[PDB]
Each structure stands twice: as structure tokens, then as C-alpha cells.
file upload19.cif (mmCIF, C-alpha atoms and all ligand atoms)
data_upload
#
loop_
_atom_site.group_PDB
_atom_site.id
_atom_site.type_symbol
_atom_site.label_atom_id
_atom_site.label_comp_id
_atom_site.auth_asym_id
_atom_site.auth_seq_id
_atom_site.Cartn_x
_atom_site.Cartn_y
_atom_site.Cartn_z
ATOM 1 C CA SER Y 979 -14.482 8.102 2.754
ATOM 2 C CA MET Y 980 -16.932 6.127 4.943
ATOM 3 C CA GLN Y 981 -15.388 3.094 3.272
ATOM 4 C CA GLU Y 982 -11.926 4.325 4.301
ATOM 5 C CA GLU Y 983 -13.099 4.818 7.863
ATOM 6 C CA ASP Y 984 -14.377 1.183 7.880
ATOM 7 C CA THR Y 985 -10.875 0.154 6.729
ATOM 8 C CA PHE Y 986 -9.188 1.931 9.629
ATOM 9 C CA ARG Y 987 -11.752 0.597 12.119
ATOM 10 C CA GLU Y 988 -10.908 -2.939 10.980
ATOM 11 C CA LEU Y 989 -7.172 -2.114 11.320
ATOM 12 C CA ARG Y 990 -7.772 -0.998 14.877
ATOM 13 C CA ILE Y 991 -9.660 -4.195 15.762
ATOM 14 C CA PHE Y 992 -6.843 -6.292 14.277
ATOM 15 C CA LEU Y 993 -4.147 -4.311 16.141
ATOM 16 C CA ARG Y 994 -5.997 -4.536 19.482
ATOM 17 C CA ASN Y 995 -6.291 -8.266 19.069
ATOM 18 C CA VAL Y 996 -2.587 -8.739 18.266
ATOM 19 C CA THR Y 997 -1.558 -6.430 21.131
ATOM 20 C CA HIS Y 998 -3.847 -8.280 23.609
ATOM 21 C CA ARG Y 999 -2.298 -11.595 22.749
ATOM 22 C CA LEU Y 1000 1.197 -10.129 23.348
ATOM 23 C CA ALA Y 1001 0.123 -8.431 26.561
ATOM 24 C CA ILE Y 1002 -1.249 -11.602 28.146
ATOM 25 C CA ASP Y 1003 1.907 -13.617 27.484
ATOM 26 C CA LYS Y 1004 3.815 -13.976 30.774
ATOM 27 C CA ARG Y 1005 7.195 -13.510 29.090
ATOM 28 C CA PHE Y 1006 6.140 -10.028 28.048
ATOM 29 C CA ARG Y 1007 4.935 -8.647 31.368
ATOM 30 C CA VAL Y 1008 7.896 -6.317 31.645
ATOM 31 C CA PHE Y 1009 6.774 -4.674 28.361
ATOM 32 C CA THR Y 1010 3.149 -4.087 29.368
ATOM 33 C CA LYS Y 1011 3.715 -0.880 31.336
ATOM 34 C CA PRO Y 1012 6.123 2.035 31.385
ATOM 35 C CA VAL Y 1013 9.163 1.449 33.655
ATOM 36 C CA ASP Y 1014 9.215 2.527 37.351
ATOM 37 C CA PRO Y 1015 11.259 5.795 37.418
ATOM 38 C CA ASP Y 1016 11.909 5.397 41.163
ATOM 39 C CA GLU Y 1017 13.238 1.924 40.366
ATOM 40 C CA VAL Y 1018 15.248 2.871 37.266
ATOM 41 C CA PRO Y 1019 15.893 6.664 37.323
ATOM 42 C CA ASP Y 1020 18.423 6.724 34.463
ATOM 43 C CA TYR Y 1021 15.852 5.158 32.100
ATOM 44 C CA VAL Y 1022 14.385 8.447 30.841
ATOM 45 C CA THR Y 1023 17.878 9.779 30.188
ATOM 46 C CA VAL Y 1024 19.084 6.727 28.239
ATOM 47 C CA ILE Y 1025 15.818 5.936 26.445
ATOM 48 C CA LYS Y 1026 14.378 9.004 24.700
ATOM 49 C CA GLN Y 1027 11.322 7.283 23.193
ATOM 50 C CA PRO Y 1028 9.896 4.903 25.828
ATOM 51 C CA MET Y 1029 7.343 2.468 24.434
ATOM 52 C CA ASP Y 1030 5.261 -0.322 25.957
ATOM 53 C CA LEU Y 1031 2.127 -2.300 25.172
ATOM 54 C CA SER Y 1032 -0.180 -0.083 27.223
ATOM 55 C CA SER Y 1033 0.999 2.943 25.251
ATOM 56 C CA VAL Y 1034 0.462 0.989 22.036
ATOM 57 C CA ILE Y 1035 -3.187 0.338 23.049
ATOM 58 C CA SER Y 1036 -3.623 4.012 23.860
ATOM 59 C CA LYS Y 1037 -2.207 4.920 20.414
ATOM 60 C CA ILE Y 1038 -4.479 2.466 18.620
ATOM 61 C CA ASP Y 1039 -7.515 4.039 20.348
ATOM 62 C CA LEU Y 1040 -6.261 7.545 19.496
ATOM 63 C CA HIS Y 1041 -6.186 6.553 15.814
ATOM 64 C CA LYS Y 1042 -2.457 7.023 15.647
ATOM 65 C CA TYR Y 1043 -1.809 3.966 13.534
ATOM 66 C CA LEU Y 1044 -3.086 4.027 9.935
ATOM 67 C CA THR Y 1045 -0.997 1.044 8.848
ATOM 68 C CA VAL Y 1046 0.436 -2.171 10.308
ATOM 69 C CA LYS Y 1047 3.853 -0.849 9.333
ATOM 70 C CA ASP Y 1048 3.433 2.099 11.694
ATOM 71 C CA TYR Y 1049 2.319 -0.279 14.481
ATOM 72 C CA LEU Y 1050 5.375 -2.496 13.909
ATOM 73 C CA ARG Y 1051 7.666 0.495 14.266
ATOM 74 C CA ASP Y 1052 6.421 0.808 17.837
ATOM 75 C CA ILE Y 1053 6.839 -2.948 18.479
ATOM 76 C CA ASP Y 1054 10.351 -2.572 17.074
ATOM 77 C CA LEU Y 1055 10.897 0.383 19.467
ATOM 78 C CA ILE Y 1056 9.891 -1.748 22.504
ATOM 79 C CA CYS Y 1057 12.457 -4.263 21.443
ATOM 80 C CA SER Y 1058 15.289 -1.896 20.469
ATOM 81 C CA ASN Y 1059 14.862 0.080 23.683
ATOM 82 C CA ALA Y 1060 15.243 -3.150 25.689
ATOM 83 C CA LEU Y 1061 18.404 -4.121 23.754
ATOM 84 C CA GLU Y 1062 19.950 -0.660 24.214
ATOM 85 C CA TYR Y 1063 19.089 -0.220 27.860
ATOM 86 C CA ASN Y 1064 20.076 -3.806 28.909
ATOM 87 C CA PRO Y 1065 23.144 -4.624 26.874
ATOM 88 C CA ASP Y 1066 25.297 -6.490 29.396
ATOM 89 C CA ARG Y 1067 26.277 -10.134 29.639
ATOM 90 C CA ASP Y 1068 24.603 -10.555 33.016
ATOM 91 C CA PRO Y 1069 21.659 -12.903 33.174
ATOM 92 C CA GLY Y 1070 19.089 -10.301 34.046
ATOM 93 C CA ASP Y 1071 20.020 -8.357 30.893
ATOM 94 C CA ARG Y 1072 20.246 -11.478 28.759
ATOM 95 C CA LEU Y 1073 16.744 -12.535 29.922
ATOM 96 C CA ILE Y 1074 15.106 -9.257 29.083
ATOM 97 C CA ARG Y 1075 16.857 -9.124 25.666
ATOM 98 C CA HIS Y 1076 15.653 -12.639 24.915
ATOM 99 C CA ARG Y 1077 12.140 -11.691 25.874
ATOM 100 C CA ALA Y 1078 12.342 -8.501 23.772
ATOM 101 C CA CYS Y 1079 13.409 -10.469 20.712
ATOM 102 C CA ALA Y 1080 10.608 -12.941 21.387
ATOM 103 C CA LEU Y 1081 8.041 -10.145 21.603
ATOM 104 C CA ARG Y 1082 9.259 -8.763 18.269
ATOM 105 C CA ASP Y 1083 9.348 -12.173 16.601
ATOM 106 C CA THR Y 1084 5.940 -13.151 17.925
ATOM 107 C CA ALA Y 1085 4.298 -9.921 16.699
ATOM 108 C CA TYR Y 1086 5.855 -10.354 13.280
ATOM 109 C CA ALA Y 1087 4.813 -14.037 13.080
ATOM 110 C CA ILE Y 1088 1.205 -13.289 14.024
ATOM 111 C CA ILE Y 1089 1.163 -10.507 11.408
ATOM 112 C CA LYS Y 1090 2.699 -12.773 8.778
ATOM 113 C CA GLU Y 1091 -0.010 -15.351 9.329
ATOM 114 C CA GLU Y 1092 -2.995 -13.073 9.889
ATOM 115 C CA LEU Y 1093 -2.584 -9.795 8.045
ATOM 116 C CA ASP Y 1094 -3.941 -9.815 4.522
ATOM 117 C CA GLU Y 1095 -1.286 -8.145 2.312
ATOM 118 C CA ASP Y 1096 -3.964 -6.409 0.216
ATOM 119 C CA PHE Y 1097 -5.576 -4.994 3.362
ATOM 120 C CA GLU Y 1098 -2.239 -3.522 4.438
ATOM 121 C CA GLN Y 1099 -1.710 -2.237 0.880
ATOM 122 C CA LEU Y 1100 -5.062 -0.457 1.033
ATOM 123 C CA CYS Y 1101 -4.186 1.137 4.366
ATOM 124 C CA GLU Y 1102 -0.853 2.354 3.000
ATOM 125 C CA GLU Y 1103 -2.529 3.816 -0.048
ATOM 126 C CA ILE Y 1104 -5.134 5.688 1.975
ATOM 127 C CA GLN Y 1105 -2.395 7.003 4.311
ATOM 128 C CA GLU Y 1106 -0.278 8.151 1.337
ATOM 129 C CA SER Y 1107 -3.283 10.039 -0.124
ATOM 130 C CA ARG Y 1108 -3.751 12.183 3.025
HETATM 131 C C1 LIG Y 1201 11.540 -2.457 30.387
HETATM 132 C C2 LIG Y 1201 12.616 -2.619 31.306
HETATM 133 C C3 LIG Y 1201 12.341 -2.912 32.663
HETATM 134 N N1 LIG Y 1201 13.388 -3.114 33.603
HETATM 135 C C4 LIG Y 1201 13.095 -3.402 35.033
HETATM 136 O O1 LIG Y 1201 11.728 -3.947 35.266
HETATM 137 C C5 LIG Y 1201 10.976 -2.929 36.024
HETATM 138 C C6 LIG Y 1201 9.517 -2.847 35.604
HETATM 139 O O2 LIG Y 1201 9.573 -2.319 34.278
HETATM 140 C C7 LIG Y 1201 11.740 -1.596 35.757
HETATM 141 O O3 LIG Y 1201 11.447 -0.569 36.776
HETATM 142 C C8 LIG Y 1201 13.180 -2.077 35.840
HETATM 143 O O4 LIG Y 1201 13.580 -2.295 37.242
HETATM 144 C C9 LIG Y 1201 14.683 -3.023 33.199
HETATM 145 O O5 LIG Y 1201 15.673 -3.162 33.930
HETATM 146 N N2 LIG Y 1201 14.959 -2.731 31.888
HETATM 147 C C10 LIG Y 1201 13.948 -2.527 30.935
HETATM 148 O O6 LIG Y 1201 14.366 -2.301 29.810
#

call {"tool": "encode", "arguments": {"input": "upload19.cif", "output": "C-alpha cells", "more": "lines below"}}
Ligand SMILES: Cc1cn([C@@H]2O[C@H](CO)[C@@H](O)[C@H]2O)c(=O)[nH]c1=O
result
Amino acid sequence: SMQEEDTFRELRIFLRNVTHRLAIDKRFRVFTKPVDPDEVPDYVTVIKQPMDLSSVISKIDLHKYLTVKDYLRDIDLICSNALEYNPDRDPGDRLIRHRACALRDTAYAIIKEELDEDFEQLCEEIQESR
């Protein structure tokens, strides 16, 4: 449907806007790009599904997200990866875990305030019909 395509285009605009606001926050810099393999060579072995905000933008533009739920699974992945890969009591690990939790919480709070539930419901229904 042309009307369904308008729905998804609006979803994409909304997701780019949320992702931009996360990406510009200084606390979340570490999550804006894939990690440096030369810097952290065991990362690809420990973390099988790397995710970051640049990859999220790429996925939005590739029409990979048809719902906000599918977007949040990738935000959740950014966060869970950070908790799994940096689990220690040392301050560097604690800092990154705090920042990961904050990224997750911030994304969910923006969505809570700014996503219309009926718009998400529409997206989910279109997705489930395909
Ligand atoms: C996302 C992430 C990053 N880092 C460090 O910050 C650099 C830039 O991402 C990485 O190369 C790594 O040294 C980590 O140590 N753990 C992580 O989970």
C-alpha cells in the first residue's frame, strides 16, 4: 500500500531522530562506532552480534526496521553486548556498563514520551501481514 509505505517512511524519520539524539550525547560516544579490532582483538570472538549507533542508522536507511520493537531489540543489543563484554568490577568496566544502561534507558524514555502507541500498533500489523 502507498499508505503503508508512508507509514514506514514516518517510522524511519522517527527512528533517525531518536538515534541522532542518542548519537550526539557525549556519554554514548563509545557506542557510535564499531570497536577497534586492533585495540580489542577478542571482541569479535566474545561478541557474536556487534551493534552500534552507526549500524543502526545504516539499518534504518536499508528499511530493516518495520517496527519500533525491532529497533529497540538493536538498542537492547548495544546494551547487552556492553554488559557481557565488560563485566568486571574495575572502574573502566563499571563506567561503560553505566553508560550502556543509560543509553538503553534514554532510548526507552524518549520512545515512551514520543511514540504514539497506535502508530506502533499499525506498524506491527502491517509487518505481521507480510
Ligand atoms: C564498545 C566497547 C568499547 N570498548 C573500548 O573503547 C574502544 C572504542 O570502541 C574499543 O576499541 C575498546 O578499547 C570496550 O572496552 N568495550 C566495549 O564494549

call {"tool": "residues_around", "arguments": {"input": "upload19.cif", "residues": "residue Y:1041", "least_positions_apart": "2", "cutoff": "12 Å", "atoms": "all atoms listed in the file", "output": "PDB file with C-alpha atoms, in the frame of the given file"}}
result
ATOM      1  CA  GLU Y 983     -13.099   4.818   7.863  1.00  0.00           C
ATOM      2  CA  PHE Y 986      -9.188   1.931   9.629  1.00  0.00           C
ATOM      3  CA  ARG Y 987     -11.752   0.597  12.119  1.00  0.00           C
ATOM      4  CA  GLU Y 988     -10.908  -2.939  10.980  1.00  0.00           C
ATOM      5  CA  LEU Y 989      -7.172  -2.114  11.320  1.00  0.00           C
ATOM      6  CA  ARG Y 990      -7.772  -0.998  14.877  1.00  0.00           C
ATOM      7  CA  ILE Y 991      -9.660  -4.195  15.762  1.00  0.00           C
ATOM      8  CA  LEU Y 993      -4.147  -4.311  16.141  1.00  0.00           C
ATOM      9  CA  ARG Y 994      -5.997  -4.536  19.482  1.00  0.00           C
ATOM     10  CA  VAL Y1034       0.462   0.989  22.036  1.00  0.00           C
ATOM     11  CA  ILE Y1035      -3.187   0.338  23.049  1.00  0.00           C
ATOM     12  CA  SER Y1036      -3.623   4.012  23.860  1.00  0.00           C
ATOM     13  CA  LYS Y1037      -2.207   4.920  20.414  1.00  0.00           C
ATOM     14  CA  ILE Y1038      -4.479   2.466  18.620  1.00  0.00           C
ATOM     15  CA  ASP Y1039      -7.515   4.039  20.348  1.00  0.00           C
ATOM     16  CA  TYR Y1043      -1.809   3.966  13.534  1.00  0.00           C
ATOM     17  CA  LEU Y1044      -3.086   4.027   9.935  1.00  0.00           C
ATOM     18  CA  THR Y1045      -0.997   1.044   8.848  1.00  0.00           C
ATOM     19  CA  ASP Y1048       3.433   2.099  11.694  1.00  0.00           C
ATOM     20  CA  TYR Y1049       2.319  -0.279  14.481  1.00  0.00           C
TER      21      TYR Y1049
END

call {"tool": "closest_residue", "arguments": {"input": "upload19.cif", "among": "Y:1101, Y:1089, Y:1073, Y:1002", "to": "ligand LIG 1201 (chain Y)", "atoms": "all atoms listed in the file"}}
result
Y:1073

call {"tool": "residues_near_point", "arguments": {"input": "upload19.cif", "point": "(8.4, -1.5, 27.4)", "cutoff": "7 Å", "atoms": "all atoms listed in the file", "output": "PDB file with C-alpha atoms, keeping the file's coordinate frame"}}
result
ATOM      1  CA  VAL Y1008       7.896  -6.317  31.645  1.00  0.00           C
ATOM      2  CA  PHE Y1009       6.774  -4.674  28.361  1.00  0.00           C
ATOM      3  CA  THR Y1010       3.149  -4.087  29.368  1.00  0.00           C
ATOM      4  CA  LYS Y1011       3.715  -0.880  31.336  1.00  0.00           C
ATOM      5  CA  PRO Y1012       6.123   2.035  31.385  1.00  0.00           C
ATOM      6  CA  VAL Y1013       9.163   1.449  33.655  1.00  0.00           C
ATOM      7  CA  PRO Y1028       9.896   4.903  25.828  1.00  0.00           C
ATOM      8  CA  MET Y1029       7.343   2.468  24.434  1.00  0.00           C
ATOM      9  CA  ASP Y1030       5.261  -0.322  25.957  1.00  0.00           C
ATOM     10  CA  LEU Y1031       2.127  -2.300  25.172  1.00  0.00           C
ATOM     11  CA  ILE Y1056       9.891  -1.748  22.504  1.00  0.00           C
TER      12      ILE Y1056
END

call {"tool": "closest_atom_pairs", "arguments": {"input": "upload19.cif", "of": "chain Y", "to": "ligand LIG 1201 (chain Y)", "cutoff": "8 Å", "atoms": "all atoms listed in the file", "output": "JSON lines"}}
result
{"residue": "Y:1008", "atom": "CA", "partner": "Y:LIG1201", "partner_atom": "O2", "distance": 5.1}
{"residue": "Y:1009", "atom": "CA", "partner": "Y:LIG1201", "partner_atom": "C1", "distance": 5.6}
{"residue": "Y:1011", "atom": "CA", "partner": "Y:LIG1201", "partner_atom": "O2", "distance": 6.7}
{"residue": "Y:1012", "atom": "CA", "partner": "Y:LIG1201", "partner_atom": "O2", "distance": 6.3}
{"residue": "Y:1013", "atom": "CA", "partner": "Y:LIG1201", "partner_atom": "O2", "distance": 3.8}
{"residue": "Y:1014", "atom": "CA", "partner": "Y:LIG1201", "partner_atom": "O3", "distance": 3.9}
{"residue": "Y:1015", "atom": "CA", "partner": "Y:LIG1201", "partner_atom": "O3", "distance": 6.4}
{"residue": "Y:1016", "atom": "CA", "partner": "Y:LIG1201", "partner_atom": "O3", "distance": 7.4}
{"residue": "Y:1017", "atom": "CA", "partner": "Y:LIG1201", "partner_atom": "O3", "distance": 4.7}
{"residue": "Y:1018", "atom": "CA", "partner": "Y:LIG1201", "partner_atom": "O3", "distance": 5.1}
{"residue": "Y:1021", "atom": "CA", "partner": "Y:LIG1201", "partner_atom": "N2", "distance": 7.9}
{"residue": "Y:1030", "atom": "CA", "partner": "Y:LIG1201", "partner_atom": "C1", "distance": 8.0}
{"residue": "Y:1059", "atom": "CA", "partner": "Y:LIG1201", "partner_atom": "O6", "distance": 6.6}
{"residue": "Y:1060", "atom": "CA", "partner": "Y:LIG1201", "partner_atom": "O6", "distance": 4.3}
{"residue": "Y:1061", "atom": "CA", "partner": "Y:LIG1201", "partner_atom": "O6", "distance": 7.5}
{"residue": "Y:1063", "atom": "CA", "partner": "Y:LIG1201", "partner_atom": "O6", "distance": 5.5}
{"residue": "Y:1064", "atom": "CA", "partner": "Y:LIG1201", "partner_atom": "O6", "distance": 6.0}
{"residue": "Y:1070", "atom": "CA", "partner": "Y:LIG1201", "partner_atom": "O5", "distance": 7.9}
{"residue": "Y:1071", "atom": "CA", "partner": "Y:LIG1201", "partner_atom": "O5", "distance": 7.4}
{"residue": "Y:1074", "atom": "CA", "partner": "Y:LIG1201", "partner_atom": "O6", "distance": 7.0}

call {"tool": "axis_aligned_box", "arguments": {"input": "upload19.cif", "around": "stretch 1071-1078 of chain Y", "padding_each_side": "5 Å", "output": "AutoDock Vina command-line options"}}
result
--center_x 16.2 --center_y -10.5 --center_z 27.3 --size_x 18.1 --size_y 14.3 --size_z 17.1

call {"tool": "closest_residue", "arguments": {"input": "upload19.cif", "among": "Y:1067, Y:1042, Y:1072, Y:1082", "to": "residue Y:1054", "atoms": "all atoms listed in the file"}}
result
Y:1082

call {"tool": "build_atoms", "arguments": {"input": "upload19.cif", "residues": "stretch 985-1008 of chain Y", "atoms": "N, CA and C atoms", "output": "PDB file, keeping the file's coordinate frame"}}
result
ATOM      1  N   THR Y 985     -12.186   0.763   6.849  1.00  0.00           N
ATOM      2  CA  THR Y 985     -10.875   0.154   6.729  1.00  0.00           C
ATOM      3  C   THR Y 985     -10.059   0.370   8.015  1.00  0.00           C
ATOM      4  N   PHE Y 986      -9.962   1.624   8.426  1.00  0.00           N
ATOM      5  CA  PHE Y 986      -9.188   1.931   9.629  1.00  0.00           C
ATOM      6  C   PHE Y 986      -9.795   1.299  10.867  1.00  0.00           C
ATOM      7  N   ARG Y 987     -11.128   1.213  10.962  1.00  0.00           N
ATOM      8  CA  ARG Y 987     -11.752   0.597  12.119  1.00  0.00           C
ATOM      9  C   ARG Y 987     -11.331  -0.874  12.164  1.00  0.00           C
ATOM     10  N   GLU Y 988     -11.360  -1.544  11.029  1.00  0.00           N
ATOM     11  CA  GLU Y 988     -10.908  -2.939  10.980  1.00  0.00           C
ATOM     12  C   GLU Y 988      -9.414  -3.078  11.385  1.00  0.00           C
ATOM     13  N   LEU Y 989      -8.583  -2.144  10.916  1.00  0.00           N
ATOM     14  CA  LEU Y 989      -7.172  -2.114  11.320  1.00  0.00           C
ATOM     15  C   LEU Y 989      -7.028  -2.022  12.829  1.00  0.00           C
ATOM     16  N   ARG Y 990      -7.776  -1.108  13.446  1.00  0.00           N
ATOM     17  CA  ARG Y 990      -7.772  -0.998  14.877  1.00  0.00           C
ATOM     18  C   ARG Y 990      -8.170  -2.240  15.627  1.00  0.00           C
ATOM     19  N   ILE Y 991      -9.209  -2.934  15.160  1.00  0.00           N
ATOM     20  CA  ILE Y 991      -9.660  -4.195  15.762  1.00  0.00           C
ATOM     21  C   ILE Y 991      -8.533  -5.236  15.681  1.00  0.00           C
ATOM     22  N   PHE Y 992      -7.942  -5.350  14.496  1.00  0.00           N
ATOM     23  CA  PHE Y 992      -6.843  -6.292  14.277  1.00  0.00           C
ATOM     24  C   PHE Y 992      -5.667  -5.979  15.201  1.00  0.00           C
ATOM     25  N   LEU Y 993      -5.295  -4.700  15.283  1.00  0.00           N
ATOM     26  CA  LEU Y 993      -4.147  -4.311  16.141  1.00  0.00           C
ATOM     27  C   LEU Y 993      -4.435  -4.531  17.620  1.00  0.00           C
ATOM     28  N   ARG Y 994      -5.664  -4.275  18.080  1.00  0.00           N
ATOM     29  CA  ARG Y 994      -5.997  -4.536  19.482  1.00  0.00           C
ATOM     30  C   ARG Y 994      -5.889  -6.002  19.804  1.00  0.00           C
ATOM     31  N   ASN Y 995      -6.322  -6.827  18.885  1.00  0.00           N
ATOM     32  CA  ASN Y 995      -6.291  -8.266  19.069  1.00  0.00           C
ATOM     33  C   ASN Y 995      -4.872  -8.786  19.153  1.00  0.00           C
ATOM     34  N   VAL Y 996      -4.011  -8.368  18.207  1.00  0.00           N
ATOM     35  CA  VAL Y 996      -2.587  -8.739  18.266  1.00  0.00           C
ATOM     36  C   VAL Y 996      -1.940  -8.261  19.576  1.00  0.00           C
ATOM     37  N   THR Y 997      -2.218  -7.028  19.983  1.00  0.00           N
ATOM     38  CA  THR Y 997      -1.558  -6.430  21.131  1.00  0.00           C
ATOM     39  C   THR Y 997      -1.993  -7.165  22.413  1.00  0.00           C
ATOM     40  N   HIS Y 998      -3.284  -7.468  22.492  1.00  0.00           N
ATOM     41  CA  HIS Y 998      -3.847  -8.280  23.609  1.00  0.00           C
ATOM     42  C   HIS Y 998      -3.164  -9.630  23.796  1.00  0.00           C
ATOM     43  N   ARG Y 999      -2.969 -10.325  22.698  1.00  0.00           N
ATOM     44  CA  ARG Y 999      -2.298 -11.595  22.749  1.00  0.00           C
ATOM     45  C   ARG Y 999      -0.839 -11.503  23.205  1.00  0.00           C
ATOM     46  N   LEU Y1000      -0.160 -10.425  22.846  1.00  0.00           N
ATOM     47  CA  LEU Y1000       1.197 -10.129  23.348  1.00  0.00           C
ATOM     48  C   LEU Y1000       1.164  -9.784  24.823  1.00  0.00           C
ATOM     49  N   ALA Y1001       0.205  -8.963  25.203  1.00  0.00           N
ATOM     50  CA  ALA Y1001       0.123  -8.431  26.561  1.00  0.00           C
ATOM     51  C   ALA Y1001      -0.209  -9.482  27.606  1.00  0.00           C
ATOM     52  N   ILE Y1002      -0.890 -10.539  27.212  1.00  0.00           N
ATOM     53  CA  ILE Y1002      -1.249 -11.602  28.146  1.00  0.00           C
ATOM     54  C   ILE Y1002      -0.178 -12.673  28.279  1.00  0.00           C
ATOM     55  N   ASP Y1003       0.866 -12.611  27.461  1.00  0.00           N
ATOM     56  CA  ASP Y1003       1.907 -13.617  27.484  1.00  0.00           C
ATOM     57  C   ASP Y1003       2.827 -13.286  28.657  1.00  0.00           C
ATOM     58  N   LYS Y1004       3.052 -14.252  29.551  1.00  0.00           N
ATOM     59  CA  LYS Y1004       3.815 -13.976  30.774  1.00  0.00           C
ATOM     60  C   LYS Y1004       5.263 -13.514  30.530  1.00  0.00           C
ATOM     61  N   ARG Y1005       5.859 -13.920  29.424  1.00  0.00           N
ATOM     62  CA  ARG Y1005       7.195 -13.510  29.090  1.00  0.00           C
ATOM     63  C   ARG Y1005       7.279 -12.036  28.867  1.00  0.00           C
ATOM     64  N   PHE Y1006       6.154 -11.424  28.451  1.00  0.00           N
ATOM     65  CA  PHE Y1006       6.140 -10.028  28.048  1.00  0.00           C
ATOM     66  C   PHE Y1006       5.609  -9.064  29.076  1.00  0.00           C
ATOM     67  N   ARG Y1007       5.411  -9.517  30.319  1.00  0.00           N
ATOM     68  CA  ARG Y1007       4.935  -8.647  31.368  1.00  0.00           C
ATOM     69  C   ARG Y1007       5.717  -7.365  31.541  1.00  0.00           C
ATOM     70  N   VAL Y1008       7.051  -7.446  31.451  1.00  0.00           N
ATOM     71  CA  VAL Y1008       7.896  -6.317  31.645  1.00  0.00           C
ATOM     72  C   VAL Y1008       7.620  -5.229  30.578  1.00  0.00           C
TER      73      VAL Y1008
END
